[PDB]
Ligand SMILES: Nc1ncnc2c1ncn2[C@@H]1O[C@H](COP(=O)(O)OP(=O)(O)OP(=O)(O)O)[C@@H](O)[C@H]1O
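Just one chain is shown here, as structure tokens, and it is the form deposited without the ligand.
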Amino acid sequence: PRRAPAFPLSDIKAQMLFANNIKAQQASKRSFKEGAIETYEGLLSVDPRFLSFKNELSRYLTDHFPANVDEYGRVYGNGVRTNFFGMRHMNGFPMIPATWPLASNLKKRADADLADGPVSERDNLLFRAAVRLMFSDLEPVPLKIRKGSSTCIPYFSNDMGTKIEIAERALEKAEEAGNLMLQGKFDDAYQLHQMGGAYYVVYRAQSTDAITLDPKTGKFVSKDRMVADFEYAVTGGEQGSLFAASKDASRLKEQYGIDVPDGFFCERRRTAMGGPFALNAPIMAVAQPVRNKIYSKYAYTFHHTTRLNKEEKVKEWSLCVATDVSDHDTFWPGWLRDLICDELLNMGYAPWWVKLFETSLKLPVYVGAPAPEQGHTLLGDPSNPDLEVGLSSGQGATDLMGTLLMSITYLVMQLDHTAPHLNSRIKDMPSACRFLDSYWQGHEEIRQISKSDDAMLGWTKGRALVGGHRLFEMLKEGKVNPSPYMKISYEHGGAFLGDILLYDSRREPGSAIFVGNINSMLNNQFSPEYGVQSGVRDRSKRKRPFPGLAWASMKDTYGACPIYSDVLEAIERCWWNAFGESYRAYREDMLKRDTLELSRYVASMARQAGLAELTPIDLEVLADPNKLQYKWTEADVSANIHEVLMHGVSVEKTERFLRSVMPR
């Protein structure tokens, strides 16, 4: 299957990915880096008192609150779905090495017995119907840009004025670039408009990962995370090795003189990709309108906000199945990319725009530093984009691509195993569209609520119900994958978008409730993914702008957890043992300081008005903008708060851009 071409940083093809400015040049050369994160102002993640705190808190909570998950993966009782040892990592120090991204996932999919295209005409009609329902009758809106985000290849600018110019210039020259691409002139498109080149691979921390305590040895064991070396990555797995990264932290003592307590490990690192902003801008200009459409018209299956918002839907079901998808982004099929482009062309979308979109899902990737003495290599040839990495995280519409794939995959699962009587409803495009439009509004006996690779599938009373139970049973047995498209299983400890579905003795959706995940509160408060970046003066540009504000939304977010009170008290007690101070007081102080500092960023609130007008979501997002990247959408945040985190491009300009893209 052809190895992918690879070029060292020194090669002209890689050099061309970095503009002649210090930032870009430094991004190209950055070597492996690690170090303790500043968990909170003045507190490092490896501070002896903090690790002592984590040791005691994790053992105590695990021992006193064992998981309550039944044989079908439904959590009940204490609402706990696992041990609490996940907090035992030296945050800021990664597992070595991180993985090289797979240049082609075709073999990976084939070996996993996944299909290389819609397996039946019905499936082909549904995937295409999804494209028609999602990309039709879109309303333009201004292109919003995250403050402080990098434009990556080739400029690596973080300056909002520069980003706005890049975005406006891109919406203006997109057509010309796309047509150049239609002519096979990728180098031209890239050199003239910076549309193309590659994704810049950045390795991010998944701060908490599974750890178990071996009753026999009394030693802790970290979950092995398999990583691919360069050979494996460029040959799509045909050669090279797939092996377990080392999470052993002993090295930190010898290397940095850091004391490492027993049972503390290095963090799991995941690949993330920064897209070339000039190419992403014209894609984002279409993506937001699509989100606005599916979150409004198809709100039932796609717009999720609070625990109660989700609860109201699942309540009406007779059966709720919490699914789980294995490695969604790397398994995502390039044929769906081509199917989507093809259908957009049929709907009348501008060819040059579709070309831009298709190319963004075939782009080469530049690998920075997976480990010491490794990296700085471009995978793929920018002159002719042909990678099959699956779904690139920094592409302008990754969320939509995952949602489109999975939503139809789940529907097909329901049709295949429970509702054959609904197949006659899907005879052609018009009927497929009508059926999908109704299914997505929650009007059929089979339903779902989903977002990318997270979802809950439902069956009301009816003919499909009996099949629903058979499907659930098949998932429990876990011997046969219920889908030809992705590896699907049931989630151990069913949850949807952060909220655990707590069942009572009846184990039925009608008497079940969504509660926050208490473990996530712990991950967020004691294992953040980033330090506080106290050296970045503009807080709005930090990964964690106002960390202290989360204390004010805690009760609203986790109050419904059965053991909420208990955890807060175990924390207070353990923090006292470790620091000789009150954690609560410590947090109230951080809350006060950040509340005072927030007024400096929000025109709305007076030079000291409280948080009175802000919602729980507003607060969680100010403390962790990332949640606006996987949990909520712009519309869920008060407008004056959204302005703090994002800046937009003129409405007139995106409006003019959209008009030229969409169907006449």
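Note that residue numbering begins at 1 and tracks the sequence as displayed.
Taking the mean C-alpha B-factor of each stretch as recorded, 356 to 364 and 266 to 274 are not equal, and the higher mean is that of 266 to 274. When 632 to 640 is weighed against 39 to 47, 632 to 640 comes out higher, by mean CA B-factor as recorded in the entry. For the set 149, 124, 577, 448, the maximum C-alpha B-factor listed in the entry falls on 149. Across the residues 282, 382, 215, 117, the deposited record lists the maximum Cα B factor for 215. The PDB entry assigns residue 619 a C-alpha temperature factor belonging to the middle third of its chain's modelled residues.
In the PDB entry, a CA B factor belonging to the lowest third of its chain's modelled residues is recorded for residue 19. In this PDB entry, the Cα temperature factor of residue 650 sits in the top third of its chain's modelled residues, the highest group. Annotation for residue 53: CA B-factor lies in the lowest third of the chain's modelled residues.
Compared with the other modelled residues of the chain, the Cα B-factor recorded for residue 138 ranks in the highest third.
Keep in mind that the form solved in complex with the ligand is missing from the display, and what follows is about it.
Just one of 383, 124, 483, 206 comes within 4.5 Å of the ligand in the deposited bound form, counting any heavy atom, and that one is 206.
The contact with the ligand in the deposited bound form, taken as any heavy atom within 4.5 Å, belongs to 324 out of 187, 229, 324, 445.
Only one segment in the set 350 to 358, 431 to 439, 268 to 276, 116 to 124 has any non-hydrogen atom within 4.5 angstroms of the ligand in the deposited bound form, and it is 268 to 276.
Taking the partner from the other structure, the ligand in the deposited bound form has no heavy atom within 4.5 Å of any heavy atom of residue 388. Shown alone here, residue 108 lies farther than 4.5 Å from the ligand in the deposited bound form, counting heavy atoms only. For the chain shown alone, residue 453 is a contact residue for the ligand in the deposited bound form, at least one non-hydrogen atom being within 4.5 angstroms.
At a distance threshold of 4.5 angstroms between non-hydrogen atoms, residue 225 is in contact with the ligand in the deposited bound form.
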